[PDB]
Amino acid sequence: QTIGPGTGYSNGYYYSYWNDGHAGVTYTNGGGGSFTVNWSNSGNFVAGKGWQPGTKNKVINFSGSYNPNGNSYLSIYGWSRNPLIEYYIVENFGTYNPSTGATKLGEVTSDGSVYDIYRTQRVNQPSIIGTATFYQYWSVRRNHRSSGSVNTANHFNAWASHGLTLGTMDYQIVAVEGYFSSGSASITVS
């Protein structure tokens, strides 16, 4: 509620807010499923509310406003362990296209749009377990939106048949991620 980086609960919802230490972000937990993040000349941060652990069949609802001014993402975001996987199903984003860099593996239609499916590999990056090497799986929504429902099952199933296995689920969050930019977002999860 103007919280510094951390993990916890605040009315049945798990929250996770991570940043690289750069100034510029203010993350506020609101009641229940709500949080606000406002950032001006940020570094890299990831902030959001949801579930710990997540599930391979959750259908996640979100509303509110997302107003990026530069490099940012609004995604269903989470991790799995063994294998260590960072995954993103991106609903909307700013000036930087998330697929830059990626290998396209396929497509899937869910909740009103087809999404393009990509795999990237992070080498010696922070993870949930500390500095690690891991694959990053992405579904990018062609038709961008700031509110809706996501049936996660569709994405995890598509990923599976393109050969992108997932281990045991860690947290599963609706997150706004920023990379050295500015913006505003107020979102509510359910």
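All residue numbers refer to positions in the sequence shown, first residue = 1.
- Per-stretch averaging of Cα B factors for 120-128 and 141-149 places 120-128 on top.
- In this entry, 96-104 shows the higher mean Cα temperature factor of the pair 77-85 and 96-104.
- Across the residues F62, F156, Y135, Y27, the deposited record lists the maximum Cα B factor for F156.
- Within the group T55, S34, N44, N38, the record's highest C-alpha temperature factor is found at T55.
- The deposited CA B-factor of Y179 belongs to the lowest third of values across its chain.
- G163: CA B factor in the highest third of modelled residues in this chain (values from the PDB entry).
- Sorting the modelled residues of the chain by their CA temperature factor places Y171 in the middle third.
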